[PDB]
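Undergrad: Attaching a single structure in structure tokens format; questions to follow.
Any read-out appearing in this document is the output of simple, stated calculations on the displayed coordinates, not a laboratory observation. All Cβ positions, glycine included, derive from the backbone under ideal geometry; neighbour counts span all protein chains shown.
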Amino acid sequence: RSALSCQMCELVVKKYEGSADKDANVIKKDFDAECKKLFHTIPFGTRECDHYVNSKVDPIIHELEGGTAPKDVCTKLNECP
């Protein structure tokens, strides 16, 4: 992929690692939050967004769940690419 794909990963995590309740539910939501507005004028952006909060969130959050950084996930998770 190599594109905004990573960004998104930095949207879920950024929301996860920096949430407040540590809710992977309200975390993946936050993502689609801006992922929508931030990328409201993106082709399939908002589409993939929701397709990310529930597809690359369970895993992404999985890493940070074990003790991984938000800069380590988007790499070993072969998600960034």
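Undergrad: Of (1) farther than 16 Å from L4 by Cα; (2) surrounded by 15 or more Cβ atoms within 10 Å (Cβ to Cβ); (3) among the β-branched types (V, I, T), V26 satisfies all except one. Which?
TA: It is condition (2) that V26 fails.
Undergrad: Report, ordered by the first and then the second residue, all pairs with beta carbons closer than 8 Å, sequence separation of six or more or different chains, a first member in the range 1-28 that is outside any helix (DSSP H, G or I), and a second member that is aliphatic (A, V, I, L, M).
TA: Cβ pairs passing all conditions: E17/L64; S19/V26; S19/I27.
Undergrad: A follow-up question, please. I want to confirm something. Restricting to the range 29-81 and keeping residues that are among the hydroxyl-bearing types (S, T, Y) and outside any helix (DSSP H, G or I), which single residue is nearest to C9 (Cα to Cα)?
TA: Selected residue: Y52.
Undergrad: Need pairs with beta-carbon distance below 8 Å; first residue without any contact (Cβ under 8 Å) to a residue 60 or more places away in the chain and within the range 40-56, second among the β-branched types (V, I, T); sequence gap 6+ or separate chains.
TA: Here the result reads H40/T46; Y52/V12; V53/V12; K56/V12, each pair linking the range 40-56 to a residue that is among the β-branched types (V, I, T).
Listed here are the residues, each with its yes/no results for (1) aliphatic (A, V, I, L, M); (2) in contact with a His (Cβ under 7 Å, 6 or more places away or on another chain); (3) surrounded by fewer than 16 Cβ atoms within 10 Å (Cβ to Cβ).
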{"residue": "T46", "(1), (2), (3)": "no, yes, no"}
{"residue": "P59", "(1), (2), (3)": "no, no, yes"}
{"residue": "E63", "(1), (2), (3)": "no, no, no"}
{"residue": "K71", "(1), (2), (3)": "no, no, yes"}
{"residue": "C80", "(1), (2), (3)": "no, no, no"}
